[PDB]
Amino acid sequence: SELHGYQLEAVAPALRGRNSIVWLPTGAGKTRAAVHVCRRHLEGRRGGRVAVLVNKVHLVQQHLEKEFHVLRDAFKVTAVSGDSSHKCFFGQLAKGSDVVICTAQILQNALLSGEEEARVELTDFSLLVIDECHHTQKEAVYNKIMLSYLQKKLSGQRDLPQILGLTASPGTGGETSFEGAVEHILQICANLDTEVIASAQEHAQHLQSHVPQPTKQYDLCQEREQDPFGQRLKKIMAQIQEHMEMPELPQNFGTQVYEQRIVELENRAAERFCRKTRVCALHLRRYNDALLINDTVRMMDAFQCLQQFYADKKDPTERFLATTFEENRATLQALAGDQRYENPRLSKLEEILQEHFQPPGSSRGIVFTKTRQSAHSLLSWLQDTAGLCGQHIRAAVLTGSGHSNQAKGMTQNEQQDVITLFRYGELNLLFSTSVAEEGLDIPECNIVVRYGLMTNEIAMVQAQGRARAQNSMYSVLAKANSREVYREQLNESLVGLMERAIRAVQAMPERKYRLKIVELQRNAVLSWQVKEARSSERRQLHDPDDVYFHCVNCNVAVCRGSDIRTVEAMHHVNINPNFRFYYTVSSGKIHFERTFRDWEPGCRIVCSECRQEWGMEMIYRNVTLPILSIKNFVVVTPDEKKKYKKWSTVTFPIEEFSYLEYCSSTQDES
């Protein structure tokens, strides 16, 4: 497994100490090239230290086990992710290592830490390797780390680390002209403090006939001729809107636009406390989710989302709605049972799998879907489909750690189990989210299907690339004449523009490039400063005593701004000793997969008057504190009443929690 010519060529500038981006195709071997750069870096000085940053939990282990472990003949290499996190302080672990591999946010947390044992500076490393470095833009973690690097650089700081970015796809950043695309490439160079974009110019022929391209096919599907299940949902949505007695109610049932309008209505009804309107809007949204699920997967998947909503449950509005569902329930379930009205997305997916998993399972595939819920539903569909039950498909779901009431996440270990069985064919088919669109290496994977996705060209290129095998195939499975098909074709062209843009940046005169980089780095550090000042202005508009929180459901006042403190600059706790008379504990003890350094979860908490979900208890060392979720309240200030979805935009200051001070004050009372 000695380095290919093009790998040695792409790291020549890195070996000379220059900051670079290594631009090589998906599956070309950027990781092994980085390892070689790390070895020579560490051999060439004493006391060097490398950090290797990734953007998914699963890439930490993959990169350690498949590539970086070889450095252990001479050097100390440690991996840190979230799951393991809580045992060691990161500062101690890094400083005791020659190479640390971690998700970027782990490093960022250490860079911001107040504790001496956890804290790190950028100057504690001599080389940073940034995997999938195209994410180093905007306010992503990668770019927060690098903007601090730029601030320091521009302020004269010395011995900042060398930067080695790795990517197959810098992208065009939404730009469709050559001018724009070039401007985007230079911004990424500026963000990463890049001196050279290194590629395989002199080994372009070896790289062509070695790293194979999958052959590409459009597997287009038609709209259902007859959708009586959908038609019936739409009738009910109209009946509910009639009952609401409101003009200018939107009519485009079964779309993301309708979903936006109806949630925006629900926000307004919460803000003005129109209880009737808010309740109807909440139900209508649920009918709209069912239509969307219906278009994506099975009728019965859509039916079950709706039925679980009405089964969990008085006042006259809710009673109208319960009755309306009950009137239609049996008919909806019977329609969902009928094979005549099958989703042609699914018929089309069946053909593909039928053709490519015969002989029974020589193929090795990933079907990409947008949502975790869709991936689970597709697995169920596979298992209850006879046309495939006969061939031997051992399938599983792969998701990241994202989580909601619609679908839970998968931990590091649970992801790893699926990946390991897929690698050598114990599993031969994954239903996956974008968790696995980049970086994942399965040499034998020979089939990628992208199931009705709407993404940028980076995600298209990257997901294709998971098919590492010779003779791979890539399928676009989408609706004919859709926006999704249009975007796919546009993205193909945007990949070409991206290439043209990079080559133009690569051939620029050195003086003209350096001045442009300088100009862009300056504007970045100034733009950030201005943005920070503007965020702080907003944060100090109101005294915390003049802000009141109301329950989003019943509008009762529950606490003031001055009752709130932050734990780890994230979790908003109410420290008022009488807040306990306003909330009720509504569950038994909640258990997470991950465990944290200073706290564990207690029970869910609800509004004592209406039972609306508010948040959860945190058992922080020796005390129990209620954590509030901003989405479950209307915030009332002197100027307005506003339902917030984030805490960063609130108009009053919130201090950090002090465990010490809190104990003193609570222990004085009884």
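The numbering used is simple: start at 1 and walk along the sequence shown.
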Report, as yes or no, whether residue 71 is left without coordinates in at least one third of the other compared entries.
no
Hey, does residue 202 show up as a hole in at least a third of the other compared models?
yes
According to the entry, how many residues of the deposited sequence fall between residue 158 and residue 159 and are not modelled? Options: none, 1 to 3, 4 to 9, 10 or more.
none
State which stretch shows the higher mean Cα B factor in the entry: 589-597 or 329-337.
589-597
On mean Cα temperature factor in this entry, is 92-100 or 290-298 the higher one?
92-100
Selection from 437, 259, 271, 131 [criterion: highest C-alpha temperature factor in the record]
271
Out of 462, 446, 574, 241, highest CA B-factor residue:
241
Chain-relative CA temperature factor third for residue 660:
highest
Residue 218, C-alpha B-factor rank within chain (lowest, middle or highest third)
middle
Going by the CA temperature factor in the PDB record, which third of the chain does residue 233 belong to: lowest, middle or highest?
middle
Using the B-factor values recorded in the entry, state whether the Cα atom of residue 615 falls in the lowest, middle or highest third among the modelled residues of its chain.
middle
Third of the chain's Cα B-factor distribution that residue 203 belongs to, per the entry:
highest
